[PDB]
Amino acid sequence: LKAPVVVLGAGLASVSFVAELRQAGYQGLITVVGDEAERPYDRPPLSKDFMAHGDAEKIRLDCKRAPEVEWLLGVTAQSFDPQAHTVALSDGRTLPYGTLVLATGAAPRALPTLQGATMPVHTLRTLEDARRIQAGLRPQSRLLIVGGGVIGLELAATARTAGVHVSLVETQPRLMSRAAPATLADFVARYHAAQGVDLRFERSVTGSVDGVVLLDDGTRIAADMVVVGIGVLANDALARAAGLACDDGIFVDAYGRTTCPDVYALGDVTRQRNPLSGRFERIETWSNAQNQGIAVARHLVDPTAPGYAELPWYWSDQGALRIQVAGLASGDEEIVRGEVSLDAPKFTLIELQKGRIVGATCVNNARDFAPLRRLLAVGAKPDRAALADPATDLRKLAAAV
């Protein structure tokens, strides 16, 4: 930890990191360069309460635990020179650094087939995006969402609640193929269908003409707006240019170190080890952004602290469904607690591998989620009959381990 500290990006990972630096006791210079001209804010509301209620002052991140930080908002870092230990900014200034931290996140992947479209096509990542989408979210309007992932489905639910007609195109035979159990994805598809979402599976957009979207099955979908949610690509251009190991994401170890001395990275821009799979993955969860940012900061201030070690988890709020998912999407067995029904949805899934809990899902069952994460963390191997048994208290079972 060499002063001064410069952080590129002013999202959740950046804020979490700088607050932890200060809290851990680092009092040297911290300068944060953020390309959006926005007080740092949290993104999940953009698909939900913000999209619905429009108040950005309800979604700002609290920078209170990060005192004495200079935030350069509306400035783009253009390059860094890792030999000179400098960063070049879009406003013509240069920042020196002792330690450079890349927290530049990811940007929505564009749909190559809609590139030259002449109807509204938006992605949903920023406050600017949400405002632009929002300004077209009139009741009875026709929305086409491309991509049946977390963001697409969160938007789908919000749009339906607002009285917008929603069609959604997904290339896979299922929703949420990236980070959800099949059982969950099947249920989620049935829920959205029942709420009036027109789901199109195993279909791709081949292009568009005068407000009509064309599909690979040779059919059409007329829409007033297309929102594309087909994933993100890491904002790793500065790292690539400077010679760091990257591949749609900057490779880091559990200390957040890149392959370049004195340059660290954290959050959505990183490819890191998933301790459950033991594979490198871009982990794009809110919890990763916060906890990885905190872990890297903690270890920079105190080298005796452990590396980042948290197991991955996320939530997704989709209308009546409060979904929570931890760990791996599958194992050799799934245990279902509760019935899976559109009538007052409430259930839990537990994924096991060779008797060990490797994943869990809760739908409208937050009570169960925290104990399951504890069981997951220690690689617990509880009685599978007990795990299935409705009489079992998971919080009690977790404590017993």
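So that the term is clear: the rigid core is the largest set of C-alpha atoms that superpose within 1.5 Å between two forms. Quick note: we count residues from 1 along the sequence shown, nothing fancier.
Put simply, when the other structures in 5 other deposited structures of this protein are lined up on the rigid core, the C-alpha atoms of 111-119 lie farther off than those of the other stretch, from 111-119 and 319-327. When the other structures are laid on the shown form by the rigid core, the stretch among 98-106 and 216-224 with the greater C-alpha deviation in 5 other deposited structures of this protein turns out to be 216-224. Of the two segments, 364-372 and 27-35, the one listed with the higher mean B-factor is 364-372 (C-alpha atoms only). Comparing the deposited coordinates for 109-117 and 68-76, the stretch with the larger average C-alpha B-factor is 109-117. The PDB entry gives the largest Cα B-factor of the residues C260, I250, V205, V101 to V205.
Between the residues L95, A297, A179, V269, the entry's highest C-alpha temperature factor is the one at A179. When the modelled residues of the chain are ordered by their C-alpha B factor, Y191 lands in the middle third. When all modelled residues of the chain are sorted by CA temperature factor, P303 is found within the middle third.
Per-chain ranking of the deposited C-alpha B factor places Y255 in the lowest third.
Remark: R43 belongs to the lowest third of its chain, ranked by C-alpha B-factor as recorded. Annotation for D217: C-alpha temperature factor in the highest third relative to the rest of the modelled chain, per the entry.
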